[PDB]
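Visitor: Contents of work-v1.cif (mmCIF, C-alpha atoms and all ligand atoms):
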data_upload
loop_
_atom_site.label_atom_id
_atom_site.label_comp_id
_atom_site.auth_asym_id
_atom_site.auth_seq_id
_atom_site.Cartn_x
_atom_site.Cartn_y
_atom_site.Cartn_z
CA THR A 4 80.44 105.18 116.36
CA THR A 5 82.93 102.36 116.77
CA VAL A 6 82.62 100.99 113.21
CA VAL A 7 82.69 102.79 109.86
CA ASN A 8 82.64 100.94 106.54
CA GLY A 9 82.88 97.65 108.42
CA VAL A 10 86.25 98.70 109.86
CA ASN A 11 86.56 98.83 113.59
CA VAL A 12 87.86 102.32 114.09
CA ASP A 13 88.37 101.76 117.85
CA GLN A 14 90.79 98.97 117.01
CA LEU A 15 92.45 101.16 114.37
CA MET A 16 92.88 103.91 116.93
CA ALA A 17 94.31 101.55 119.51
CA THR A 18 96.74 100.10 116.90
CA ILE A 19 97.93 103.58 115.95
CA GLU A 20 98.53 104.50 119.62
CA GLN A 21 100.35 101.26 120.27
CA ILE A 22 102.63 101.87 117.24
CA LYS A 23 103.33 105.47 118.26
CA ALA A 24 104.58 104.20 121.63
CA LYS A 25 106.48 101.12 120.35
CA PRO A 26 107.22 101.48 116.59
CA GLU A 27 108.62 97.94 116.51
CA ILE A 28 104.98 96.69 116.57
CA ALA A 29 104.56 97.98 113.02
CA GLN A 30 107.21 95.65 111.54
CA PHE A 31 105.42 92.93 109.57
CA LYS A 32 106.70 90.05 107.44
CA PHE A 33 104.61 88.24 104.87
CA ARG A 34 105.48 84.88 103.36
CA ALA A 35 104.60 82.36 100.74
CA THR A 36 105.77 78.99 99.53
CA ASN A 37 105.39 77.61 96.01
CA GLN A 38 105.65 74.15 94.46
CA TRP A 39 106.03 73.64 90.72
CA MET A 40 103.38 71.21 89.39
CA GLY A 41 104.65 70.70 85.81
CA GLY A 42 104.68 72.94 82.80
CA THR A 43 103.24 76.37 83.47
CA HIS A 44 101.30 75.13 86.51
CA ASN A 45 102.46 75.88 90.02
CA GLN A 46 100.80 76.23 93.46
CA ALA A 47 101.37 78.85 96.11
CA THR A 48 100.50 78.58 99.79
CA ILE A 49 99.95 81.34 102.31
CA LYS A 50 100.06 80.37 106.01
CA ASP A 51 102.10 82.17 108.64
CA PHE A 52 103.10 85.80 109.02
CA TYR A 53 105.05 87.93 111.53
CA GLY A 54 103.89 91.13 113.08
CA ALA A 55 103.31 93.03 116.31
CA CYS A 56 106.43 91.38 117.73
CA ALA A 57 105.36 87.79 117.17
CA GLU A 58 105.01 84.92 114.73
CA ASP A 59 101.41 84.16 113.79
CA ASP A 60 100.64 80.68 112.53
CA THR A 61 96.94 80.79 113.39
CA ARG A 62 95.33 80.74 109.91
CA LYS A 63 94.19 77.73 107.90
CA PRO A 64 96.49 77.58 104.83
CA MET A 65 95.29 79.39 101.72
CA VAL A 66 96.30 77.59 98.48
CA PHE A 67 96.36 79.17 95.02
CA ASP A 68 96.84 77.61 91.58
CA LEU A 69 98.74 79.58 88.96
CA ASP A 70 98.88 78.61 85.25
CA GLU A 71 98.49 80.20 81.77
CA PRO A 72 95.95 80.18 78.95
CA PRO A 73 96.72 77.84 75.97
CA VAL A 74 98.21 80.68 73.89
CA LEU A 75 100.73 81.11 76.74
CA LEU A 76 101.41 77.35 76.97
CA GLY A 77 99.08 76.39 79.82
CA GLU A 78 95.61 74.89 80.31
CA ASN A 79 93.81 77.45 82.45
CA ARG A 80 94.46 75.44 85.63
CA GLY A 81 94.39 78.79 87.43
CA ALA A 82 94.77 82.47 86.69
CA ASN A 83 98.16 83.59 85.47
CA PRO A 84 100.74 85.34 87.63
CA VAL A 85 100.32 88.80 86.03
CA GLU A 86 96.57 88.46 86.65
CA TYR A 87 97.30 87.65 90.31
CA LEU A 88 99.33 90.90 90.43
CA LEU A 89 96.21 92.82 89.38
CA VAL A 90 94.22 90.92 92.00
CA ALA A 91 96.71 92.03 94.68
CA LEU A 92 96.68 95.64 93.45
CA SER A 93 92.87 95.69 93.40
CA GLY A 94 92.56 94.38 96.99
CA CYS A 95 95.18 96.77 98.34
CA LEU A 96 93.83 99.93 96.70
CA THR A 97 90.30 99.01 97.80
CA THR A 98 91.27 98.34 101.40
CA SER A 99 93.45 101.45 101.55
CA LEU A 100 90.59 103.56 100.20
CA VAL A 101 88.01 102.11 102.57
CA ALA A 102 90.19 102.13 105.70
CA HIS A 103 91.37 105.69 105.14
CA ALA A 104 87.79 106.82 104.59
CA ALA A 105 86.75 104.97 107.81
CA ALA A 106 89.48 106.70 109.81
CA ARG A 107 88.11 110.06 108.59
CA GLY A 108 84.51 109.07 109.49
CA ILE A 109 83.49 109.00 105.83
CA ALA A 110 80.76 106.45 105.17
CA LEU A 111 80.74 104.66 101.81
CA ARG A 112 77.83 102.63 100.46
CA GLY A 113 79.62 100.76 97.65
CA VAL A 114 82.99 100.60 95.96
CA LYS A 115 84.11 98.82 92.78
CA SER A 116 87.02 99.07 90.41
CA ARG A 117 88.44 97.86 87.10
CA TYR A 118 92.02 97.19 86.06
CA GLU A 119 93.91 96.81 82.77
CA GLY A 120 97.64 96.47 82.19
CA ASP A 121 99.73 96.21 79.05
CA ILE A 122 102.48 93.60 78.57
CA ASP A 123 104.54 92.90 75.43
CA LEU A 124 105.76 89.27 75.53
CA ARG A 125 108.89 90.13 73.54
CA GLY A 126 110.25 91.10 76.94
CA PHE A 127 109.67 87.67 78.51
CA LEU A 128 110.91 85.96 75.33
CA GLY A 129 114.06 88.10 75.07
CA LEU A 130 113.13 89.26 71.54
CA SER A 131 113.46 93.00 72.06
CA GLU A 132 115.79 94.98 74.29
CA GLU A 133 113.47 98.00 74.05
CA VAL A 134 110.19 96.56 75.40
CA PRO A 135 109.80 96.26 79.19
CA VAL A 136 109.64 92.78 80.62
CA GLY A 137 106.98 93.74 83.17
CA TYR A 138 103.81 95.70 82.80
CA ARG A 139 104.36 98.82 80.69
CA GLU A 140 101.65 100.56 82.73
CA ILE A 141 98.43 99.75 84.60
CA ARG A 142 95.19 101.72 84.35
CA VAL A 143 92.67 101.63 87.22
CA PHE A 144 89.22 103.19 87.55
CA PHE A 145 87.17 103.40 90.76
CA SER A 146 83.45 103.88 91.23
CA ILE A 147 82.33 105.04 94.68
CA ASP A 148 78.68 105.17 95.82
CA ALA A 149 78.58 107.72 98.61
CA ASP A 150 77.22 111.07 99.66
CA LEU A 151 80.31 112.84 98.35
CA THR A 152 81.22 115.21 95.55
CA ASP A 153 83.38 114.03 92.65
CA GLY A 154 86.27 116.08 94.07
CA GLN A 155 85.92 114.38 97.46
CA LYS A 156 85.83 111.00 95.70
CA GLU A 157 89.00 111.91 93.82
CA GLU A 158 90.63 112.80 97.19
CA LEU A 159 89.76 109.39 98.64
CA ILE A 160 91.33 107.80 95.58
CA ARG A 161 94.53 109.88 95.90
CA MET A 162 94.78 108.85 99.54
CA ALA A 163 94.18 105.20 98.60
CA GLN A 164 97.19 105.33 96.25
CA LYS A 165 99.36 107.22 98.68
CA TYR A 166 98.95 104.64 101.48
CA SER A 167 98.63 101.39 99.47
CA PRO A 168 101.54 98.95 99.89
CA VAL A 169 100.88 97.11 96.62
CA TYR A 170 100.38 100.36 94.70
CA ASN A 171 103.71 101.65 95.95
CA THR A 172 105.47 98.32 95.34
CA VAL A 173 104.34 98.49 91.70
CA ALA A 174 104.89 102.20 91.08
CA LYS A 175 108.30 102.39 92.80
CA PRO A 176 111.40 100.14 92.57
CA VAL A 177 111.43 97.53 95.36
CA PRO A 178 114.44 95.26 95.63
CA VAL A 179 113.87 91.52 95.23
CA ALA A 180 116.75 89.15 96.10
CA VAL A 181 116.39 85.73 94.45
CA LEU A 182 118.82 83.07 95.73
CA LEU A 183 119.57 79.39 95.42
CA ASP A 184 118.90 77.31 98.54
CA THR B 5 109.15 67.76 71.87
CA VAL B 6 108.31 68.65 75.41
CA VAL B 7 110.71 69.69 78.15
CA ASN B 8 109.48 70.33 81.70
CA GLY B 9 105.90 69.98 80.53
CA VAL B 10 106.35 72.88 78.14
CA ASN B 11 105.52 72.45 74.46
CA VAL B 12 108.81 73.67 73.07
CA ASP B 13 107.56 73.36 69.48
CA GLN B 14 104.69 75.77 70.26
CA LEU B 15 107.14 78.05 72.01
CA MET B 16 109.53 78.26 69.05
CA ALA B 17 106.54 78.64 66.68
CA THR B 18 105.20 81.52 68.73
CA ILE B 19 108.65 83.18 68.71
CA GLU B 20 108.94 82.96 64.92
CA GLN B 21 105.43 84.37 64.47
CA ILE B 22 106.31 87.27 66.77
CA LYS B 23 109.54 88.07 64.90
CA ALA B 24 107.45 88.39 61.69
CA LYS B 25 104.52 90.16 63.31
CA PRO B 26 105.62 91.82 66.57
CA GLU B 27 102.08 93.06 67.41
CA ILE B 28 101.07 89.43 68.19
CA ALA B 29 103.07 89.84 71.42
CA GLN B 30 100.84 92.63 72.77
CA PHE B 31 98.67 91.39 75.63
CA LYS B 32 96.28 93.16 77.94
CA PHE B 33 95.32 91.57 81.25
CA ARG B 34 92.35 92.69 83.31
CA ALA B 35 90.59 92.42 86.66
CA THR B 36 87.52 93.80 88.38
CA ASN B 37 86.98 94.18 92.11
CA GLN B 38 83.91 94.69 94.31
CA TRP B 39 84.18 95.81 97.91
CA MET B 40 82.42 93.38 100.32
CA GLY B 41 82.65 95.36 103.58
CA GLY B 42 85.53 96.35 105.85
CA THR B 43 88.88 95.05 104.67
CA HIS B 44 87.10 92.36 102.59
CA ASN B 45 86.88 92.64 98.86
CA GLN B 46 86.62 90.28 95.93
CA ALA B 47 88.57 90.28 92.64
CA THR B 48 87.44 88.58 89.42
CA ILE B 49 89.63 87.47 86.52
CA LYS B 50 87.88 86.51 83.27
CA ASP B 51 88.78 87.96 79.87
CA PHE B 52 92.15 89.01 78.35
CA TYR B 53 93.46 90.32 75.02
CA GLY B 54 96.45 88.87 73.19
CA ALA B 55 97.77 87.55 69.90
CA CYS B 56 95.68 90.18 68.11
CA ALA B 57 92.31 89.08 69.57
CA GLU B 58 89.99 89.29 72.55
CA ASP B 59 89.68 86.08 74.54
CA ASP B 60 86.52 85.85 76.64
CA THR B 61 86.34 82.06 76.63
CA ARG B 62 87.41 81.35 80.24
CA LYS B 63 85.15 80.83 83.23
CA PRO B 64 85.51 83.60 85.80
CA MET B 65 87.90 83.11 88.68
CA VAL B 66 87.06 84.85 91.92
CA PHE B 67 89.43 85.67 94.75
CA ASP B 68 88.64 86.89 98.28
CA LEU B 69 91.02 89.36 99.86
CA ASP B 70 90.95 90.35 103.53
CA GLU B 71 93.33 90.74 106.50
CA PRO B 72 94.16 88.89 109.72
CA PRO B 73 92.59 90.23 112.94
CA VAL B 74 95.61 92.36 113.90
CA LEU B 75 95.27 94.09 110.49
CA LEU B 76 91.53 94.87 110.98
CA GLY B 77 90.12 91.88 109.09
CA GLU B 78 88.47 88.62 109.98
CA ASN B 79 90.41 86.02 107.92
CA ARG B 80 87.93 86.23 105.02
CA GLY B 81 90.88 85.68 102.66
CA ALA B 82 94.60 86.20 102.29
CA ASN B 83 95.74 89.80 102.29
CA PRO B 84 96.74 91.88 99.27
CA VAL B 85 100.45 91.89 100.02
CA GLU B 86 100.30 88.11 100.34
CA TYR B 87 98.63 87.89 96.92
CA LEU B 88 101.57 89.92 95.57
CA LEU B 89 103.92 87.19 96.80
CA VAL B 90 101.64 84.59 95.22
CA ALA B 91 101.97 86.43 91.89
CA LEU B 92 105.71 86.78 92.14
CA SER B 93 106.09 83.12 93.04
CA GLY B 94 104.11 81.91 90.06
CA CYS B 95 105.89 84.18 87.65
CA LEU B 96 109.43 83.41 88.75
CA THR B 97 108.62 79.69 88.74
CA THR B 98 107.11 79.69 85.26
CA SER B 99 109.90 81.93 83.89
CA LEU B 100 112.53 79.58 85.38
CA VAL B 101 110.87 76.41 84.03
CA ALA B 102 110.11 77.84 80.58
CA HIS B 103 113.58 79.25 80.02
CA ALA B 104 115.10 75.92 81.18
CA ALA B 105 112.80 74.13 78.73
CA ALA B 106 113.82 76.38 75.79
CA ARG B 107 117.47 75.40 76.48
CA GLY B 108 116.58 71.70 76.79
CA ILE B 109 117.41 71.54 80.49
CA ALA B 110 115.19 69.03 82.28
CA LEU B 111 114.18 69.65 85.89
CA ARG B 112 112.82 67.01 88.33
CA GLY B 113 111.39 69.49 90.78
CA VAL B 114 111.23 73.17 91.67
CA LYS B 115 110.05 74.84 94.90
CA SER B 116 110.55 78.22 96.48
CA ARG B 117 109.90 80.33 99.58
CA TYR B 118 109.24 84.08 99.84
CA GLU B 119 109.39 86.75 102.52
CA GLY B 120 108.92 90.44 102.36
CA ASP B 121 108.97 92.96 105.19
CA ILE B 122 106.78 96.03 105.54
CA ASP B 123 106.50 98.81 108.16
CA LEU B 124 102.81 99.60 108.80
CA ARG B 125 103.72 103.15 109.72
CA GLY B 126 103.71 103.83 105.95
CA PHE B 127 100.12 102.67 105.36
CA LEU B 128 99.00 104.33 108.61
CA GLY B 129 100.44 107.73 107.63
CA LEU B 130 102.66 107.84 110.71
CA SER B 131 105.91 108.63 108.92
CA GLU B 132 106.66 110.43 105.66
CA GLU B 133 110.07 108.70 105.36
CA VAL B 134 108.99 105.08 105.81
CA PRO B 135 108.36 103.14 102.58
CA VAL B 136 104.70 102.38 102.17
CA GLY B 137 105.36 99.25 100.08
CA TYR B 138 107.61 96.33 100.79
CA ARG B 139 111.10 97.33 101.94
CA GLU B 140 112.57 94.24 100.28
CA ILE B 141 111.41 90.79 99.14
CA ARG B 142 113.68 87.73 99.48
CA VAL B 143 113.18 84.51 97.52
CA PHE B 144 114.95 81.15 97.84
CA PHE B 145 114.64 78.47 95.13
CA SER B 146 115.38 74.77 95.55
CA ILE B 147 115.87 72.98 92.25
CA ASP B 148 116.06 69.18 91.99
CA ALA B 149 118.03 68.57 88.83
CA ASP B 150 121.16 67.15 87.39
CA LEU B 151 122.98 70.52 87.74
CA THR B 152 125.75 72.23 89.67
CA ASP B 153 125.02 75.16 92.00
CA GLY B 154 126.34 77.55 89.33
CA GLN B 155 124.09 75.99 86.66
CA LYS B 156 121.07 76.37 88.98
CA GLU B 157 122.09 79.95 89.69
CA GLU B 158 122.08 80.65 85.91
CA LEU B 159 118.47 79.32 85.65
CA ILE B 160 117.54 81.62 88.54
CA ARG B 161 119.27 84.64 86.93
CA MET B 162 117.32 84.02 83.73
CA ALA B 163 114.10 83.50 85.66
CA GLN B 164 114.38 86.98 87.18
CA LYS B 165 115.64 88.67 84.02
CA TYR B 166 112.60 87.55 82.03
CA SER B 167 109.86 87.49 84.71
CA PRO B 168 107.15 90.13 84.24
CA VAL B 169 106.10 90.18 87.92
CA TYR B 170 109.72 90.35 89.11
CA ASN B 171 110.33 93.35 86.85
CA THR B 172 107.07 95.01 87.85
CA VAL B 173 108.18 94.88 91.49
CA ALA B 174 111.87 95.71 90.93
CA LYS B 175 111.24 98.66 88.60
CA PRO B 176 108.91 101.65 88.76
CA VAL B 177 105.78 100.86 86.69
CA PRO B 178 103.37 103.75 86.17
CA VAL B 179 99.85 103.18 87.50
CA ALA B 180 97.09 105.70 86.85
CA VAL B 181 94.10 105.54 89.19
CA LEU B 182 91.06 107.60 88.31
CA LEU B 183 87.43 108.13 89.22
CA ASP B 184 85.38 106.22 86.56
CA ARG B 185 83.43 108.27 84.06
CA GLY B 186 81.52 105.20 82.86
NA NA C 201 107.80 98.35 91.20
#
I need this file expressed as structure tokens, please.
Ligand code: NA
Guide:
Amino acid sequence: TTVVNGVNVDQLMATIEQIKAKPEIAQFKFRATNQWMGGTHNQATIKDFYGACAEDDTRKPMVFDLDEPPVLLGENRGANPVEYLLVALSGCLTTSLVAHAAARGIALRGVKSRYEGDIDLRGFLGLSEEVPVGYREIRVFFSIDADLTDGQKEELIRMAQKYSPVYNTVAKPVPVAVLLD
Amino acid sequence: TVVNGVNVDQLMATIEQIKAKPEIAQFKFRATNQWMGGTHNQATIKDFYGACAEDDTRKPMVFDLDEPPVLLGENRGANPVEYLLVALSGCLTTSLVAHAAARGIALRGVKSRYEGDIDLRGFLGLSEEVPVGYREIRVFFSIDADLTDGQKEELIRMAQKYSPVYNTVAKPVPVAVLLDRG
């Protein structure tokens, strides 16, 4: 009665009450660093973050290699950056779905999902002023194993989207300032 | 003829082929994800489509996503909003380097740092006005090259202009999420 879907709902409840009292606690900052490794290969590191009124440098660094397939001028030294964007979207939607279900006391047995997005490289290459540079659209499907109706499953999915930071960062315009140091 | 480790001959060849046959430039990228309990889930990258053919030749790449303790996880992986920064960082870096290469501009080194801020009240449903996503993301590039600040700033402008992940963040991209019928 303290844990649903492997989420500690007591901790969730305490976090919500803490934020209601002191909204400043809810301000988080996430960070990365990246070093170019030649050609299409580069390496990103995740380490510290800020939140709940303090810097947190407690985690072992998490290192990621990004590259391209040969047709996009790389050697598959890692997944490509637009693939990493789908990874991020998939983790966020899944967590948002599961955590919102947990908060409602809705048990789920299994969750999986699939993702496909369309990109026309004429954008990246500056060959057409029509074509978007980014994803034109992304299509996601979820499968949920639970004692729920299809309508109730669809509701969980709508709530997942509504509360997902990565979903909303994709679907809405978010400003990105890129500067010389 | 290689600049910044980029095969510029292949690049120009690809461009000419696309001008003749624009459909070559249509790619589809994919992922699958399985929930692993709590805030932990796992994404897999394998196949893609592009240049008028399916490519299922790559070995799968698997990524673990989780949360720190204060965000209800157990450090079973970096969190999804961190992976978004990872994506952005790779894309801006490759776009910068590749566009420099196409112009014959050699770079000794490139590095960058990223921060975005988020108010959890969005995710937690505690405010209807608060953005659920990032409020803003800020990126700083350091470029080691035989270039003035203004020349570096031009490479950075072009990086952003032509970066798919930058434009996916900066612009509204439609995303349809549905219950699977297969
Ligand atoms: Na966006």
Visitor: Hey, which residues come within 6 Å of ligand NA 201 (chain C) if we count only C-alpha atoms and all ligand atoms? Could you give them as a list in words?
Guide: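 Those within range of ligand NA 201 (chain C) are residues 172, 173, 174, 175, 176 and 177 of chain A; 172, 173, 174, 175, 176 and 177 of chain B.
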Visitor: Give me, please, the distance in Å between atom CA of residue A:8 and atom CA of residue B:35, quoted to one decimal.
Guide: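 Distance reported for this atom pair: 23.0 Å.
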Visitor: Which is closer to residue B:178 than all the others in A:75, A:160, A:141, A:182, using only C-alpha atoms?
Guide: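 Once distances to residue B:178 are computed over only C-alpha atoms, the minimum belongs to A:141.
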Visitor: In terms of the shortest atom-to-atom distance over only C-alpha atoms, which of B:76, B:14, B:31, B:171 is closest to residue B:95?
Guide: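 Result for the nearest residue to residue B:95: B:171.
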Visitor: Nearest residue to residue A:90 out of B:119, B:132, B:86, B:148, using only C-alpha atoms?
Guide: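 Using only C-alpha atoms, residue A:90 sits closest to B:86.
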Visitor: Quick one: residues within 8 Å of stretch 101-114 of chain B, all atoms listed in the file counted, chain neighbours fewer than 3 positions away excluded, as JSON, numbers by chain?
Guide: {"A": [38, 39, 42, 43], "B": [6, 7, 8, 10, 12, 15, 97, 98, 145, 146, 147, 148, 149, 150, 159, 162, 163]}
Visitor: Provide the atom CA of residue A:22 to atom CA of residue A:103 distance in Å, to one decimal place.
Guide: 17.0 Å
Visitor: Go ahead and compute the interatomic distance for atom CA of residue A:121 and atom CA of residue B:30, in Å to one decimal.
Guide: 7.3 Å
Visitor: Within 10 Å of residue A:57, counting all atoms listed in the file, which residues qualify if same-chain residues fewer than 3 places away don't, as a VMD selection string?
Guide: chain A and resid 28 30 to 31 52 to 54 60
Visitor: Find, counting only C-alpha atoms, the residue in A:107, A:23, A:62, A:115 that gets nearest to chain B.
Guide: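 Under the stated criterion, the closest residue is A:115.
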Visitor: Using all atoms listed in the file for the distances, tell me which of A:155, A:83, A:36, A:164 is nearest to chain B.
Guide: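 Closest to chain B of all the choices is A:36.
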Visitor: From the list B:82, B:183, B:122, B:56, which residue is nearest residue A:169 when using all atoms listed in the file?
Guide: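 Of B:82, B:183, B:122, B:56, the one nearest residue A:169, counting all atoms listed in the file, is B:122.
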Visitor: List every protein, DNA or RNA residue that has an atom no more than 12 Å from (106.9, 101.4, 117.1) in the file's coordinate frame, counting only C-alpha atoms, and report them as a PyMOL selection string.
Guide: (chain A and resi 18-31+54-56) or (chain B and resi 123-126+128+130-131)
